[PDB]
>>> print(open('structure_18.pdb').read())   # PDB, C-alpha atoms and all ligand atoms
ATOM      1  CA  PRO P   7     -29.843  12.516  -7.302
ATOM      2  CA  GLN P   8     -28.188  11.430 -10.582
ATOM      3  CA  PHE P   9     -24.613  12.075 -11.725
ATOM      4  CA  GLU P  10     -23.034  12.632 -15.138
ATOM      5  CA  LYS P  11     -20.521  10.047 -16.276
ATOM      6  CA  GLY P  12     -16.848  10.895 -16.794
ATOM      7  CA  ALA P  13     -13.691   9.001 -17.691
ATOM      8  CA  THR P  14     -13.940   5.331 -16.681
ATOM      9  CA  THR P  15     -12.500   4.297 -13.298
ATOM     10  CA  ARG P  16      -9.961   1.586 -14.085
ATOM     11  CA  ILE P  17      -6.488   0.158 -13.663
ATOM     12  CA  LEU P  18      -3.976   2.273 -15.597
ATOM     13  CA  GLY P  19      -1.055  -0.032 -14.824
ATOM     14  CA  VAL P  20       0.628  -2.459 -12.485
ATOM     15  CA  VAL P  21       4.054  -2.113 -10.909
ATOM     16  CA  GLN P  22       6.403  -4.252  -8.927
ATOM     17  CA  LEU P  23       6.896  -3.180  -5.349
ATOM     18  CA  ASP P  24      10.128  -3.794  -3.472
ATOM     19  CA  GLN P  25       8.755  -5.239  -0.240
ATOM     20  CA  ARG P  26      11.864  -4.537   1.846
ATOM     21  CA  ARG P  27      12.075  -0.909   0.807
ATOM     22  CA  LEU P  28       8.320  -0.454   1.082
ATOM     23  CA  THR P  29       8.229  -2.043   4.544
ATOM     24  CA  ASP P  30      10.820   0.495   5.699
ATOM     25  CA  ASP P  31       8.798   3.496   4.456
ATOM     26  CA  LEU P  32       5.524   2.037   5.811
ATOM     27  CA  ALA P  33       7.185   1.683   9.237
ATOM     28  CA  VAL P  34       7.978   5.416   9.138
ATOM     29  CA  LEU P  35       4.378   6.159   8.117
ATOM     30  CA  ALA P  36       3.062   4.117  11.059
ATOM     31  CA  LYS P  37       4.635   6.776  13.363
ATOM     32  CA  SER P  38       3.971   9.831  11.175
ATOM     33  CA  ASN P  39       1.825  12.888  11.753
ATOM     34  CA  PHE P  40      -1.373  12.545   9.696
ATOM     35  CA  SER P  41      -3.491  15.594   8.891
ATOM     36  CA  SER P  42      -6.863  16.233  10.437
ATOM     37  CA  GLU P  43      -7.965  18.189   7.347
ATOM     38  CA  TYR P  44     -11.048  16.694   5.660
ATOM     39  CA  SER P  45     -11.975  14.923   8.909
ATOM     40  CA  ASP P  46     -15.471  16.150   8.045
ATOM     41  CA  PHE P  47     -15.419  13.324   5.429
ATOM     42  CA  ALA P  48     -14.038  10.651   7.776
ATOM     43  CA  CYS P  49     -16.145   7.988   9.476
ATOM     44  CA  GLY P  50     -13.498   6.987  11.978
ATOM     45  CA  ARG P  51      -9.814   6.714  11.149
ATOM     46  CA  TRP P  52      -9.686   7.730   7.521
ATOM     47  CA  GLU P  53      -6.762  10.169   7.210
ATOM     48  CA  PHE P  54      -3.924  11.353   4.994
ATOM     49  CA  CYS P  55      -0.569  13.058   4.986
ATOM     50  CA  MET P  56       1.041  15.247   2.353
ATOM     51  CA  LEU P  57       4.162  14.021   0.541
ATOM     52  CA  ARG P  58       4.074  16.751  -2.139
ATOM     53  CA  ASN P  59       2.064  19.971  -2.374
ATOM     54  CA  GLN P  60       2.358  23.545  -3.698
ATOM     55  CA  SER P  61       4.842  24.900  -1.177
ATOM     56  CA  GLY P  62       6.713  21.848   0.053
ATOM     57  CA  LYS P  63       5.681  22.867   3.602
ATOM     58  CA  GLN P  64       4.101  20.610   6.251
ATOM     59  CA  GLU P  65       1.573  23.355   7.138
ATOM     60  CA  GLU P  66      -0.132  23.081   3.743
ATOM     61  CA  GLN P  67      -2.805  20.386   4.061
ATOM     62  CA  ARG P  68      -5.728  21.384   1.749
ATOM     63  CA  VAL P  69      -6.092  21.139  -2.002
ATOM     64  CA  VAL P  70      -6.740  23.858  -4.567
ATOM     65  CA  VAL P  71      -6.307  23.840  -8.355
ATOM     66  CA  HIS P  72      -2.875  25.314  -9.071
ATOM     67  CA  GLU P  73      -0.301  25.536 -11.831
ATOM     68  CA  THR P  74       3.053  24.365 -10.417
ATOM     69  CA  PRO P  75       4.971  21.073 -10.128
ATOM     70  CA  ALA P  76       4.356  19.771  -6.619
ATOM     71  CA  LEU P  77       7.237  20.142  -4.162
ATOM     72  CA  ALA P  78       8.132  17.464  -1.620
ATOM     73  CA  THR P  79       7.370  18.128   2.024
ATOM     74  CA  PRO P  80       9.837  17.169   4.749
ATOM     75  CA  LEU P  81       7.786  13.998   5.185
ATOM     76  CA  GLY P  82       7.968  13.240   1.452
ATOM     77  CA  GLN P  83      11.740  13.814   1.526
ATOM     78  CA  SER P  84      12.042  11.292   4.371
ATOM     79  CA  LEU P  85      10.387   8.417   2.464
ATOM     80  CA  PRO P  86      12.949   7.441  -0.170
ATOM     81  CA  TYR P  87      11.086   4.543  -1.764
ATOM     82  CA  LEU P  88       7.766   6.383  -2.042
ATOM     83  CA  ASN P  89       9.658   9.348  -3.463
ATOM     84  CA  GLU P  90      11.224   7.031  -6.031
ATOM     85  CA  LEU P  91       7.833   5.570  -6.995
ATOM     86  CA  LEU P  92       6.526   9.098  -7.594
ATOM     87  CA  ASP P  93       9.602   9.930  -9.704
ATOM     88  CA  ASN P  94       9.402   6.665 -11.660
ATOM     89  CA  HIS P  95       5.712   6.243 -12.461
ATOM     90  CA  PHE P  96       4.478   9.833 -12.936
ATOM     91  CA  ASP P  97       5.558  12.997 -14.700
ATOM     92  CA  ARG P  98       6.990  15.336 -12.044
ATOM     93  CA  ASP P  99       5.624  18.510 -13.584
ATOM     94  CA  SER P 100       2.091  17.052 -13.838
ATOM     95  CA  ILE P 101       1.825  16.306 -10.114
ATOM     96  CA  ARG P 102      -0.177  18.833  -8.094
ATOM     97  CA  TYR P 103      -0.412  16.857  -4.814
ATOM     98  CA  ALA P 104       0.838  13.530  -3.528
ATOM     99  CA  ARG P 105      -0.515  11.958  -0.351
ATOM    100  CA  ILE P 106      -0.579   8.780   1.680
ATOM    101  CA  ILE P 107      -4.148   7.846   2.572
ATOM    102  CA  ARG P 108      -4.558   5.373   5.443
ATOM    103  CA  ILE P 109      -7.762   3.687   6.535
ATOM    104  CA  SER P 110      -7.657   1.790   9.837
ATOM    105  CA  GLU P 111      -9.947  -0.924  11.140
ATOM    106  CA  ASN P 112     -13.680  -0.337  10.580
ATOM    107  CA  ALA P 113     -13.234   3.127   9.126
ATOM    108  CA  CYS P 114     -14.465   4.609   5.857
ATOM    109  CA  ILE P 115     -14.718   7.873   4.020
ATOM    110  CA  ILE P 116     -18.328   9.071   3.765
ATOM    111  CA  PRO P 117     -19.846   8.671   0.290
ATOM    112  CA  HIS P 118     -18.953  11.881  -1.535
ATOM    113  CA  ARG P 119     -17.810  13.571  -4.703
ATOM    114  CA  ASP P 120     -14.542  15.463  -4.894
ATOM    115  CA  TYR P 121     -13.740  18.712  -6.718
ATOM    116  CA  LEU P 122     -16.997  20.541  -5.950
ATOM    117  CA  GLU P 123     -15.065  23.392  -4.240
ATOM    118  CA  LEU P 124     -12.416  23.598  -6.979
ATOM    119  CA  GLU P 125     -12.069  25.804 -10.024
ATOM    120  CA  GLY P 126     -11.421  22.836 -12.252
ATOM    121  CA  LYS P 127     -10.560  19.225 -11.414
ATOM    122  CA  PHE P 128      -7.736  16.797 -10.828
ATOM    123  CA  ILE P 129      -7.024  13.438 -12.345
ATOM    124  CA  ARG P 130      -6.828  11.343  -9.155
ATOM    125  CA  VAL P 131      -4.774   8.178  -9.193
ATOM    126  CA  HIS P 132      -4.113   5.609  -6.512
ATOM    127  CA  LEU P 133      -1.095   3.326  -6.246
ATOM    128  CA  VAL P 134      -2.009   0.597  -3.730
ATOM    129  CA  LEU P 135       0.770  -0.038  -1.175
ATOM    130  CA  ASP P 136      -0.720  -2.247   1.581
ATOM    131  CA  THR P 137      -4.196  -3.747   1.471
ATOM    132  CA  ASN P 138      -6.184  -6.928   2.088
ATOM    133  CA  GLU P 139      -9.400  -8.577   1.000
ATOM    134  CA  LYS P 140     -11.427  -6.737   3.718
ATOM    135  CA  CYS P 141     -10.652  -3.422   2.041
ATOM    136  CA  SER P 142     -12.871  -2.154  -0.764
ATOM    137  CA  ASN P 143     -13.669   0.953  -2.770
ATOM    138  CA  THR P 144     -17.108   1.752  -4.111
ATOM    139  CA  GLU P 145     -18.499   3.821  -6.961
ATOM    140  CA  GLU P 146     -22.240   4.314  -7.398
ATOM    141  CA  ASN P 147     -23.753   0.767  -7.290
ATOM    142  CA  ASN P 148     -20.420  -0.999  -7.602
ATOM    143  CA  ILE P 149     -17.870  -2.430  -5.151
ATOM    144  CA  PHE P 150     -14.318  -3.363  -6.073
ATOM    145  CA  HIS P 151     -10.936  -4.167  -4.615
ATOM    146  CA  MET P 152      -7.855  -2.217  -5.570
ATOM    147  CA  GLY P 153      -4.953  -4.651  -5.324
ATOM    148  CA  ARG P 154      -1.352  -4.176  -4.212
ATOM    149  CA  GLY P 155       0.837  -2.660  -6.914
ATOM    150  CA  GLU P 156      -2.095  -1.518  -9.045
ATOM    151  CA  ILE P 157      -2.322   2.062 -10.241
ATOM    152  CA  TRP P 158      -5.964   3.090 -10.606
ATOM    153  CA  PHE P 159      -7.673   6.124 -12.027
ATOM    154  CA  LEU P 160     -10.721   6.984  -9.924
ATOM    155  CA  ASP P 161     -13.426   9.220 -11.340
ATOM    156  CA  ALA P 162     -13.822  11.239  -8.179
ATOM    157  CA  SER P 163     -16.721  13.167  -9.705
ATOM    158  CA  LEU P 164     -18.918  10.048  -9.358
ATOM    159  CA  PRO P 165     -20.155   9.358  -5.849
ATOM    160  CA  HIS P 166     -17.713   6.978  -4.163
ATOM    161  CA  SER P 167     -16.356   5.654  -0.869
ATOM    162  CA  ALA P 168     -13.556   3.473   0.524
ATOM    163  CA  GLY P 169     -13.306   1.347   3.660
ATOM    164  CA  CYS P 170     -11.111  -0.978   5.657
ATOM    165  CA  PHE P 171     -12.647  -3.756   7.747
ATOM    166  CA  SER P 172      -9.423  -5.539   8.761
ATOM    167  CA  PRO P 173      -7.293  -5.156  11.889
ATOM    168  CA  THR P 174      -4.369  -4.193   9.601
ATOM    169  CA  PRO P 175      -4.566  -0.689   8.075
ATOM    170  CA  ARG P 176      -4.821  -0.010   4.361
ATOM    171  CA  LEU P 177      -2.451   2.454   2.692
ATOM    172  CA  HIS P 178      -2.671   3.982  -0.789
ATOM    173  CA  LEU P 179      -0.374   6.500  -2.450
ATOM    174  CA  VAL P 180      -2.768   9.033  -3.971
ATOM    175  CA  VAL P 181      -1.589  11.470  -6.630
ATOM    176  CA  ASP P 182      -3.513  14.477  -7.929
ATOM    177  CA  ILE P 183      -2.500  15.088 -11.528
ATOM    178  CA  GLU P 184      -3.248  18.373 -13.325
ATOM    179  CA  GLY P 185      -6.716  17.987 -14.830
ATOM    180  CA  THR P 186      -5.966  18.836 -18.433
ATOM    181  CA  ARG P 187      -3.352  16.077 -18.788
ATOM    182  CA  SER P 188      -4.017  13.145 -21.086
ATOM    183  CA  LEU P 189      -5.276  10.391 -18.782
ATOM    184  CA  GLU P 190      -3.795   7.676 -20.956
ATOM    185  CA  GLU P 191      -0.313   9.251 -20.585
ATOM    186  CA  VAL P 192      -0.332   9.685 -16.786
ATOM    187  CA  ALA P 193       1.119   6.344 -15.637
ATOM    188  CA  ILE P 194       4.729   5.827 -16.762
ATOM    189  CA  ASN P 195       6.921   2.668 -16.647
ATOM    190  CA  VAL P 196       4.033   0.330 -15.879
ATOM    191  CA  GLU P 197       2.805  -3.008 -17.094
ATOM    192  CA  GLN P 198      -0.559  -2.788 -18.800
ATOM    193  CA  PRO P 199      -3.002  -4.803 -16.726
ATOM    194  CA  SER P 200      -3.977  -8.283 -17.874
ATOM    195  CA  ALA P 201      -7.720  -8.625 -18.469
ATOM    196  CA  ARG P 202      -9.680  -9.368 -15.331
ATOM    197  CA  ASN P 203     -13.036 -10.696 -14.363
ATOM    198  CA  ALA P 204     -15.005  -8.179 -12.136
ATOM    199  CA  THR P 205     -14.395  -8.223  -8.361
ATOM    200  CA  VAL P 206     -16.940 -10.804  -7.027
ATOM    201  CA  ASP P 207     -19.899  -8.919  -5.317
ATOM    202  CA  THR P 208     -20.605 -10.801  -2.122
ATOM    203  CA  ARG P 209     -22.923  -8.147  -0.607
ATOM    204  CA  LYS P 210     -26.334  -9.017   0.872
ATOM    205  CA  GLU P 211     -29.571  -8.196  -0.968
ATOM    206  CA  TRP P 212     -31.214  -5.083   0.520
ATOM    207  CA  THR P 213     -34.616  -5.997   1.989
ATOM    208  CA  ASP P 214     -37.694  -4.312   3.402
ATOM    209  CA  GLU P 215     -36.683  -5.721   6.810
ATOM    210  CA  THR P 216     -33.280  -4.067   6.681
ATOM    211  CA  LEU P 217     -34.748  -0.766   5.468
ATOM    212  CA  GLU P 218     -37.368  -0.725   8.243
ATOM    213  CA  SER P 219     -34.607  -1.413  10.854
ATOM    214  CA  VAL P 220     -32.745   1.616   9.533
ATOM    215  CA  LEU P 221     -35.730   3.977   9.228
ATOM    216  CA  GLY P 222     -36.514   3.037  12.849
ATOM    217  CA  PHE P 223     -33.582   5.219  13.904
ATOM    218  CA  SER P 224     -36.214   8.001  13.629
ATOM    219  CA  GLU P 225     -37.248   7.162  17.203
ATOM    220  CA  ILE P 226     -33.806   7.887  18.667
ATOM    221  CA  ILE P 227     -31.943  10.227  16.298
ATOM    222  CA  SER P 228     -30.788  13.460  17.914
ATOM    223  CA  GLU P 229     -28.016  15.990  17.820
ATOM    224  CA  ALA P 230     -26.189  13.784  20.359
ATOM    225  CA  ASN P 231     -25.971  10.686  18.132
ATOM    226  CA  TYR P 232     -26.295  12.135  14.643
ATOM    227  CA  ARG P 233     -22.614  11.409  13.782
ATOM    228  CA  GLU P 234     -22.725   7.737  14.798
ATOM    229  CA  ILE P 235     -25.916   7.277  12.854
ATOM    230  CA  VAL P 236     -24.439   8.878   9.722
ATOM    231  CA  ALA P 237     -21.385   6.589  10.054
ATOM    232  CA  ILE P 238     -23.553   3.488  10.407
ATOM    233  CA  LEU P 239     -25.531   4.505   7.348
ATOM    234  CA  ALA P 240     -22.329   5.187   5.373
ATOM    235  CA  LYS P 241     -20.941   1.699   6.113
ATOM    236  CA  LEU P 242     -24.009  -0.271   5.029
ATOM    237  CA  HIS P 243     -23.189  -0.203   1.302
ATOM    238  CA  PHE P 244     -19.921  -2.105   1.930
ATOM    239  CA  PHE P 245     -22.039  -5.087   2.975
ATOM    240  CA  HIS P 246     -25.464  -4.586   1.310
ATOM    241  CA  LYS P 247     -26.224  -4.198  -2.424
ATOM    242  CA  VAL P 248     -27.234  -0.547  -2.507
ATOM    243  CA  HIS P 249     -25.986   2.650  -4.180
ATOM    244  CA  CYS P 250     -23.475   4.578  -2.141
ATOM    245  CA  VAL P 251     -25.724   7.730  -2.116
ATOM    246  CA  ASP P 252     -28.798   5.885  -0.811
ATOM    247  CA  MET P 253     -27.741   6.745   2.771
ATOM    248  CA  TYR P 254     -28.710  10.384   2.149
ATOM    249  CA  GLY P 255     -32.273   9.303   1.277
ATOM    250  CA  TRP P 256     -32.369   7.089   4.361
ATOM    251  CA  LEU P 257     -31.188   9.985   6.549
ATOM    252  CA  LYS P 258     -33.749  12.357   5.052
ATOM    253  CA  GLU P 259     -36.569   9.879   5.776
ATOM    254  CA  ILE P 260     -35.277   9.174   9.295
ATOM    255  CA  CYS P 261     -35.303  12.925   9.991
ATOM    256  CA  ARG P 262     -38.680  13.463   8.310
ATOM    257  CA  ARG P 263     -40.175  10.822  10.623
ATOM    258  CA  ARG P 264     -38.538  12.327  13.720
ATOM    259  CA  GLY P 265     -40.035  15.719  12.752
ATOM    260  CA  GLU P 266     -37.413  17.965  14.358
ATOM    261  CA  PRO P 267     -36.668  20.899  12.024
ATOM    262  CA  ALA P 268     -32.938  21.183  12.896
ATOM    263  CA  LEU P 269     -32.224  17.559  11.985
ATOM    264  CA  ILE P 270     -34.220  17.818   8.738
ATOM    265  CA  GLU P 271     -32.221  20.921   7.736
ATOM    266  CA  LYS P 272     -28.971  19.180   8.651
ATOM    267  CA  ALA P 273     -29.770  16.134   6.535
ATOM    268  CA  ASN P 274     -30.396  18.369   3.507
ATOM    269  CA  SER P 275     -27.128  20.198   4.234
ATOM    270  CA  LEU P 276     -25.159  16.948   4.342
ATOM    271  CA  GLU P 277     -26.435  15.803   0.961
ATOM    272  CA  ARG P 278     -25.690  19.246  -0.494
ATOM    273  CA  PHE P 279     -22.166  19.439   0.945
ATOM    274  CA  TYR P 280     -20.972  15.923   0.125
ATOM    275  CA  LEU P 281     -22.620  15.525  -3.272
ATOM    276  CA  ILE P 282     -23.874  18.790  -4.822
ATOM    277  CA  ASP P 283     -21.834  21.943  -4.061
ATOM    278  CA  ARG P 284     -19.200  23.272  -1.662
ATOM    279  CA  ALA P 285     -17.165  26.447  -1.372
ATOM    280  CA  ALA P 286     -13.399  26.610  -1.049
ATOM    281  CA  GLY P 287     -12.461  26.082   2.591
ATOM    282  CA  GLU P 288     -16.002  25.132   3.620
ATOM    283  CA  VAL P 289     -16.093  22.477   6.355
ATOM    284  CA  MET P 290     -19.084  20.458   7.582
ATOM    285  CA  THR P 291     -19.789  19.969  11.275
ATOM    286  CA  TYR P 292     -22.190  18.072  13.367
TER
HETATM  287  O1  LIG F 301      -9.389   5.199  -1.019
HETATM  288  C1  LIG F 301      -9.500   6.238  -0.282
HETATM  289  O2  LIG F 301      -9.033   6.261   0.870
HETATM  290  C2  LIG F 301     -10.095   7.550  -0.759
HETATM  291  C3  LIG F 301     -10.892   7.400  -2.015
HETATM  292  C4  LIG F 301     -11.311   8.842  -2.330
HETATM  293  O3  LIG F 301     -12.351   9.296  -1.901
HETATM  294  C5  LIG F 301     -10.469   9.745  -3.132
HETATM  295  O4  LIG F 301      -9.296   9.398  -3.449
HETATM  296  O5  LIG F 301     -10.976  10.848  -3.474
HETATM  297  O1  LIG F 302     -10.188  16.291  -2.785
HETATM  298  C1  LIG F 302      -9.637  16.125  -1.671
HETATM  299  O2  LIG F 302      -8.415  16.187  -1.465
HETATM  300  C2  LIG F 302     -10.503  15.741  -0.515
HETATM  301  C3  LIG F 302     -10.199  14.275  -0.145
HETATM  302  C4  LIG F 302     -11.149  13.768   0.939
HETATM  303  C5  LIG F 302     -12.603  13.933   0.560
HETATM  304  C6  LIG F 302     -12.854  15.409   0.212
HETATM  305  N1  LIG F 302     -11.921  15.885  -0.837
HETATM  306 CO    CO F 303     -12.928  11.019  -3.019
END
>>> encode(input="structure_18.pdb", output="structure tokens")
Amino acid sequence: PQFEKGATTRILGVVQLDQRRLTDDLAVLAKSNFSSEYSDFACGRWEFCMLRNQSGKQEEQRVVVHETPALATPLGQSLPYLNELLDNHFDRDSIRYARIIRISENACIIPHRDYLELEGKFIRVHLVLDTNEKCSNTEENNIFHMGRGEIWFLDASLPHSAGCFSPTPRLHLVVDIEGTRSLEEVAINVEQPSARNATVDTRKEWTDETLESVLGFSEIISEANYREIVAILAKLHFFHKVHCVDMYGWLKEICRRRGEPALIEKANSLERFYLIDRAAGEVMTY
């Protein structure tokens, strides 16, 4: 499948981070209750917690297009530096959600598009809090590293993923801005980024040998191992030069070769759910 372009994913600004104050709030987050919502998108320990949402209540853990300035949750009110960053670098009344998104060692989010279930869209922006060179984000055919203190706009309507392959977890502050806002006006009190060369793409060329190894999962794929296989497929594009949606084609061919109708139907359902269309509240299972 092919996907219409949108606003360009890029660095909106760079900010200084107070390491002492940040360290304190990150230490709280290391012991905090992360949501299990959207675990249907997680390949391992990809997870988030709400700092601001519609109601200001901990129970509210899913997103919907809405019209009100986001209210801090008890967790958000307990993280004074992160609360200050939200106050300082964004317009309060434009925020619809604010979250911390943590990826732990060898985890990723499955390649997907956001907003399919929404009546509208958000402008999604990431402020990188704690990362390392073994953490990357992807978009289509591209891989890139979002660095500490950078505020990025991500076009979440293009297929994309994110992973962490370090022992140390990766934390981003992720803000959903009301979708009609002027993107260029979203980040406040920032330094404009100095021009950069592209992130260096160190991934391996994709070969016939690698593809045949993968398609060979047809001999063992089953309901019992379907999730592990999907996760393996999802992680390949962090290390091999392929498009992040290619895994859905691989899965379809694996299942075609196996010849079991249930697995073929499931593979079609996965592509549909992650990339094409979803209803509000719809969850995918294995
Ligand atoms: O970097 C991440 O953890 C998530 C990227 C993503 O899929 C999103 O923000 O929609
Ligand atoms: O838009 C959201 O909040 C979620 C994030 C995780 C992937 C699915 N969509
Ligand atoms: Co996303």
>>> residues_around(input="structure_18.pdb", residues="residue P:174", least_positions_apart="4", cutoff="12 Å", atoms="all atoms listed in the file", output="PyMOL selection string")
chain P and resi 36+108-113+136-141+170
>>> closest_atom_pairs(input="structure_18.pdb", of="chain P", to="ligand LIG 302 (chain F)", cutoff="8 Å", atoms="all atoms listed in the file", output="Markdown table")
| residue | atom | partner | partner_atom | distance |
| --- | --- | --- | --- | --- |
| P:44 | CA | F:LIG302 | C4 | 5.6 |
| P:47 | CA | F:LIG302 | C5 | 5.7 |
| P:68 | CA | F:LIG302 | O2 | 6.7 |
| P:69 | CA | F:LIG302 | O2 | 5.5 |
| P:115 | CA | F:LIG302 | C5 | 7.3 |
| P:118 | CA | F:LIG302 | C5 | 7.0 |
| P:119 | CA | F:LIG302 | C6 | 7.2 |
| P:120 | CA | F:LIG302 | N1 | 4.8 |
| P:121 | CA | F:LIG302 | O1 | 5.8 |
>>> atom_distance(input="structure_18.pdb", atom1="atom CA of residue P:231", atom2="atom CA of residue P:172")
25.0 Å
>>> resolve_selection(input="structure_18.pdb", expression="the PyMOL selection byres (((chain P and resi 79-86) around 7) and not hetatm)", output="list in words")
residues 31, 56, 57, 58, 62, 63, 64, 77, 78, 87, 88, 89 and 90 of chain P
>>> resolve_selection(input="structure_18.pdb", expression="the PyMOL selection byres (((not hetatm)) within 12 of (chain F and resi 303))", output="VMD selection string")
chain P and resid 44 47 to 48 52 to 53 107 114 to 122 127 to 132 143 to 145 159 to 169 180 to 182 280 to 281
>>> write_last_selection(input="structure_18.pdb", atoms="C-alpha atoms", output="mmCIF file, keeping the file's coordinate frame")
data_model
loop_
_atom_site.group_PDB
_atom_site.id
_atom_site.type_symbol
_atom_site.label_atom_id
_atom_site.label_comp_id
_atom_site.auth_asym_id
_atom_site.auth_seq_id
_atom_site.Cartn_x
_atom_site.Cartn_y
_atom_site.Cartn_z
ATOM 1 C CA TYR P 44 -11.048 16.694 5.660
ATOM 2 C CA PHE P 47 -15.419 13.324 5.429
ATOM 3 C CA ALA P 48 -14.038 10.651 7.776
ATOM 4 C CA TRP P 52 -9.686 7.730 7.521
ATOM 5 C CA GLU P 53 -6.762 10.169 7.210
ATOM 6 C CA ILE P 107 -4.148 7.846 2.572
ATOM 7 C CA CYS P 114 -14.465 4.609 5.857
ATOM 8 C CA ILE P 115 -14.718 7.873 4.020
ATOM 9 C CA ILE P 116 -18.328 9.071 3.765
ATOM 10 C CA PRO P 117 -19.846 8.671 0.290
ATOM 11 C CA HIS P 118 -18.953 11.881 -1.535
ATOM 12 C CA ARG P 119 -17.810 13.571 -4.703
ATOM 13 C CA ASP P 120 -14.542 15.463 -4.894
ATOM 14 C CA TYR P 121 -13.740 18.712 -6.718
ATOM 15 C CA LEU P 122 -16.997 20.541 -5.950
ATOM 16 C CA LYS P 127 -10.560 19.225 -11.414
ATOM 17 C CA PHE P 128 -7.736 16.797 -10.828
ATOM 18 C CA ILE P 129 -7.024 13.438 -12.345
ATOM 19 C CA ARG P 130 -6.828 11.343 -9.155
ATOM 20 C CA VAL P 131 -4.774 8.178 -9.193
ATOM 21 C CA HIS P 132 -4.113 5.609 -6.512
ATOM 22 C CA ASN P 143 -13.669 0.953 -2.770
ATOM 23 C CA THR P 144 -17.108 1.752 -4.111
ATOM 24 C CA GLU P 145 -18.499 3.821 -6.961
ATOM 25 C CA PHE P 159 -7.673 6.124 -12.027
ATOM 26 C CA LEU P 160 -10.721 6.984 -9.924
ATOM 27 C CA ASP P 161 -13.426 9.220 -11.340
ATOM 28 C CA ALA P 162 -13.822 11.239 -8.179
ATOM 29 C CA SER P 163 -16.721 13.167 -9.705
ATOM 30 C CA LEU P 164 -18.918 10.048 -9.358
ATOM 31 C CA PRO P 165 -20.155 9.358 -5.849
ATOM 32 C CA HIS P 166 -17.713 6.978 -4.163
ATOM 33 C CA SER P 167 -16.356 5.654 -0.869
ATOM 34 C CA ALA P 168 -13.556 3.473 0.524
ATOM 35 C CA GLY P 169 -13.306 1.347 3.660
ATOM 36 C CA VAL P 180 -2.768 9.033 -3.971
ATOM 37 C CA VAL P 181 -1.589 11.470 -6.630
ATOM 38 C CA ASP P 182 -3.513 14.477 -7.929
ATOM 39 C CA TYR P 280 -20.972 15.923 0.125
ATOM 40 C CA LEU P 281 -22.620 15.525 -3.272
#
>>> atom_distance(input="structure_18.pdb", atom1="atom CA of residue P:43", atom2="atom CA of residue P:287")
10.3 Å
>>> residues_around(input="structure_18.pdb", residues="stretch 19-30 of chain P", least_positions_apart="2", cutoff="6 Å", atoms="only C-alpha atoms", output="list in words")
residues 17, 32, 33, 155, 156, 157, 196, 197, 198 and 199 of chain P
>>> closest_residue(input="structure_18.pdb", among="P:67, P:59, P:275, P:205", to="residue P:99", atoms="all atoms listed in the file")
P:59
>>> resolve_selection(input="structure_18.pdb", expression="the PyMOL selection byres (((chain P and resi 289) around 9) and not hetatm)", output="MDAnalysis selection string")
chainID P and resid 44:46 279 284:288 290:291
>>> residues_around(input="structure_18.pdb", residues="stretch 237-239 of chain P", least_positions_apart="4", cutoff="7 Å", atoms="only C-alpha atoms", output="NGL selection string")
:P and (49 or 233 or 253)
>>> closest_residue(input="structure_18.pdb", among="P:247, P:98, P:258, P:263", to="residue P:222", atoms="all atoms listed in the file")
P:263
>>> atom_distance(input="structure_18.pdb", atom1="atom CA of residue P:220", atom2="atom CA of residue P:7")
20.3 Å
>>> axis_aligned_box(input="structure_18.pdb", around="ligand LIG 301 (chain F)", padding_each_side="5 Å", output="lines of an AutoDock Vina configuration file")
center_x = -10.7
center_y = 8.0
center_z = -1.3
size_x = 13.3
size_y = 15.6
size_z = 14.3
>>> closest_residue(input="structure_18.pdb", among="P:92, P:135, P:189, P:124", to="residue P:15", atoms="all atoms listed in the file")
P:189
>>> closest_residue(input="structure_18.pdb", among="P:191, P:202, P:245, P:232", to="residue P:216", atoms="all atoms listed in the file")
P:245
>>> closest_residue(input="structure_18.pdb", among="P:154, P:11, P:102, P:178", to="ligand LIG 301 (chain F)", atoms="all atoms listed in the file")
P:178
>>> closest_residue(input="structure_18.pdb", among="P:142, P:224, P:148, P:100", to="ligand LIG 301 (chain F)", atoms="all atoms listed in the file")
P:142
>>> residues_near_point(input="structure_18.pdb", point="(-27.6, -8.5, 1.4)", cutoff="7 Å", atoms="all atoms listed in the file", output="list in words")
residues 209, 210, 211, 212, 245, 246 and 247 of chain P
